[PDB]
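Below you'll find only one chain, the form deposited in one PDB entry, shown as structure tokens.
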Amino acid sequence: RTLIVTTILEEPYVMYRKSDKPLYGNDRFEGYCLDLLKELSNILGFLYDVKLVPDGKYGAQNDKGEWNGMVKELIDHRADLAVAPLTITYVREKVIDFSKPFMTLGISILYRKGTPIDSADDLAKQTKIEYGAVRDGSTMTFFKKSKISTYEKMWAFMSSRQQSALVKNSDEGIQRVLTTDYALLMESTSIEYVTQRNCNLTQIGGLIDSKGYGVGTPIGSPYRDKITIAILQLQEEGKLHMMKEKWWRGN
């Protein structure tokens, strides 16, 4: 069984290699998730074929119980594994299985260096600094559902003050932080990637929530627990650290 692996283009997890050399199949790609997949394939001993998710989506539900993205590929048995920065969530565990996480993270704050601001509490109780997230993304969906005191007030500043708060994508959000007095809320992994590359920018405070990226499989897959074991081995032998360093470290 050559395993079909669904994944998604996302810097620095999965990228097309910057090359016009004759590269075919898996060799067309590079990134943290390609390195991970190679290690997994060497520990477990499997052949694999990387296929980019056709709709370019992670995986969400509609009002009819219909899934899209990598999650749908798994449900439909069109992929054996999803090796991607795919968050392990309650709703997704209803329909697919996940390895234990290979990376753990949380929502955090992207902002400028040299400011008294040290937490989400500092942004919540002031008006001068504008703050928000990407529209219809994971971080927005968190703030919308939240019932925690401080994050409810923050969502009001994002929803009722809708205009100068939310952004279209990652690129525009970072643009807003640099050019204007703006703070972006997004997944801490993305924030670390940015701060390594933009020395005027820093993470503010700790993690607002807690979650992990795991390898997705169809429910009952005999690979899930084996992948957990491989992940634990890679963590303990310092290989996940080095793989993270390879892709995240800047100039």
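Heads up: residue numbers just count along the shown sequence, starting at 1.
S.K.: Please work out which of 73-81 and 152-160 has the higher mean CA B-factor as recorded in the PDB entry.
M.R.: Stretch with the higher mean C-alpha B-factor: 152-160.
S.K.: Using only C-alpha atoms and the B-factors in the entry, which stretch averages higher, 89-97 or 164-172?
M.R.: In the deposited entry, the stretch with the higher C-alpha B-factor mean is 164-172.
S.K.: Based on the PDB record, which member of 140, 103, 107, 110 exhibits the highest Cα temperature factor?
M.R.: By C-alpha B-factor in the record, 140 ranks first.
S.K.: Sort the modelled residues of this chain by their C-alpha B factor and say whether residue 219 lands in the lowest, middle or highest third.
M.R.: Middle third.
S.K.: Where does residue 202 sit by CA temperature factor within its chain: lowest, middle or highest third?
M.R.: Its C-alpha B-factor belongs to the highest third of this chain's values.
S.K.: Split the chain's modelled residues into thirds by Cα B-factor; is residue 7 in the lowest, middle or highest one?
M.R.: For residue 7, the deposited C-alpha B-factor lands in the lowest third.
S.K.: Looking at the C-alpha B-factor of residue 29, is it in the lowest, middle or highest third of its chain?
M.R.: Answer is lowest: the recorded C-alpha B-factor places it there.
S.K.: Could you place residue 213 in the lowest, middle or highest third of its chain by Cα temperature factor, using the values in the record?
M.R.: CA B-factor rank for residue 213: middle third.
The same protein also has a form deposited in another entry, omitted here; what follows describes it.
S.K.: Of the candidates 87, 39, 60, 106, which marks the hinge of the rigid-body movement between the shown form and the other one?
M.R.: Looking at 87, 39, 60, 106, only one falls at a hinge: 106.
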